[PDB]
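The chain that follows stands alone, in the form solved without the DNA, written as structure tokens.
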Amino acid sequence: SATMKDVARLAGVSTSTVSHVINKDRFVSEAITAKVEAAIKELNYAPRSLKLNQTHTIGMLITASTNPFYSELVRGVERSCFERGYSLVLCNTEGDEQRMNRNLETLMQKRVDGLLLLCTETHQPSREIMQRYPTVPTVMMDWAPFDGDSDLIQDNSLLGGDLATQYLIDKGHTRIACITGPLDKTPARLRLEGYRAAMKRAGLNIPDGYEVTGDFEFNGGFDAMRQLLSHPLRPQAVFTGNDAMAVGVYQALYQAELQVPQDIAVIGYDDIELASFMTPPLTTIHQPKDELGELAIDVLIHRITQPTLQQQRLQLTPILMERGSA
């Protein structure tokens, strides 16, 4: 005679979070959970580890990009999975939204226990697809394309951009430019904010057009640097929002017949393997990619085994790598 709606009326919470209290498949406040059970009693209402739908498999949806950062991060995740005795299935995704939704749906149809998302820029793989697999937790890496209640594992890019800029300030540069990633991508915005913070703290003015947007790819770095090279007041130094764009920066400087660091100092972000092979080797901010992968897998596995775990939004501190570019 009693339904879940009977329970949720008496309790005064939504039927959807009574279903979460009975299934124990999401985090519910300890308050609410005692009241839902307080209404389950009275109404006498009648409805881990060993699941028919589980496969000991983790899925990961990654962007298609020629930015080595993503491969390096994936490699870290791969290693962590192996070490934890999980198998990892990957799907590249490109193009528009329906393309990206098709790929995600295919991965889910393969019946993974958990999902890692590593997306670029404008990218929303549909909440509608994930809603069709509600028992499957999602952990987002690097940035949250769409927010939500999903766990997030990333570096601290606000601190990162500040470190990079402060480094240049400490080396005596006052005319410091900043090449950003796409500003609708949160890590790019945070790195720009870190740069602004360091400049303000030093009482340094940022000339108009010293902040230039790129695409976090080789080409964006090139286009952005050529723009900066047409500034009447020429920069002494440039914070390039990632190492991929620094590659473009170097190419631009090479064609402009300018030396690094003698004419212009350059500092990147990521510490991709390529950074240490550049000429000169690239001063950059090291993201701990292995630790990020380990942490992401650890969190996802924790949530797989304990659905009620509270949301994790965790930031690892990056480290300046001093080399020859700055």
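Start at 1 with the first residue shown and count on from there. C-alpha atoms forming the largest set that superposes within 1.5 Å between two forms make up the rigid core.
FYI, the form deposited with the DNA bound isn't displayed, but the following is about it.
Peer 1: Just one of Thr308, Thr317, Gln311, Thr17 has a heavy atom within 4.5 Å of the DNA in the bound PDB entry. Which one?
Peer 2: Contact residue from the list: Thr17.
Peer 1: Is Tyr45 one of the residues lying within 4.5 Å of the DNA in the bound PDB entry, judged by heavy atom distances?
Peer 2: Residue-level check for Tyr45: yes, a contact with the DNA.
Peer 1: So in the bound PDB entry, does any heavy atom of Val28 sit within 4.5 Å of the DNA?
Peer 2: Looking in the bound PDB entry, residue contacts with the DNA include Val28, since a heavy atom lies within 4.5 Å.
Peer 1: So in the bound PDB entry, does any heavy atom of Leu10 sit within 4.5 Å of the DNA?
Peer 2: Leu10: no, not in contact with the DNA in the bound PDB entry.
Peer 1: Please run the contact check for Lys51 against the DNA in the bound PDB entry: heavy atoms, 4.5 angstroms, yes or no?
Peer 2: Looking in the bound PDB entry, residue contacts with the DNA include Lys51, since a heavy atom lies within 4.5 Å.
Peer 1: Among 66-74, 291-299, 29-37, 273-281, which stretch sits within 4.5 Å of the DNA in the bound PDB entry, heavy atoms only?
Peer 2: Comparing against the DNA in the bound PDB entry, the contact stretch is 29-37.
Peer 1: What residues of 216-249, in sequence order, lie within 4.5 Å of the DNA in the bound PDB entry by heavy atom?
Peer 2: Read in sequence order, no residue approaches the DNA (within 4.5 Å, in the bound PDB entry).
Peer 1: With the two forms aligned on their rigid core, point out which item of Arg196, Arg99, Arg226, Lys171 shifts its C-alpha by 2 Å or more between this form and the one not shown.
Peer 2: Looking at each option in turn, only one qualifies, and it is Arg99.
Peer 1: Hey, does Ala38 budge by 2 Å or more at the Cα between this form and the one not shown once the core is superposed?
Peer 2: Comparing the forms between this form and the one not shown, which are aligned on their rigid core, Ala38 does shift its C-alpha by 2 Å or more.
Peer 1: Does the C-alpha of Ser150 move 2 Å or more between this form and the one not shown once the rigid core is lined up?
Peer 2: Yes, shifts by 2 Å or more.
Peer 1: If we fit on the core, is the Cα of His123 displaced 2 Å or more between this form and the one not shown?
Peer 2: Yes, the C-alpha position differs by at least 2 Å between this form and the one not shown.
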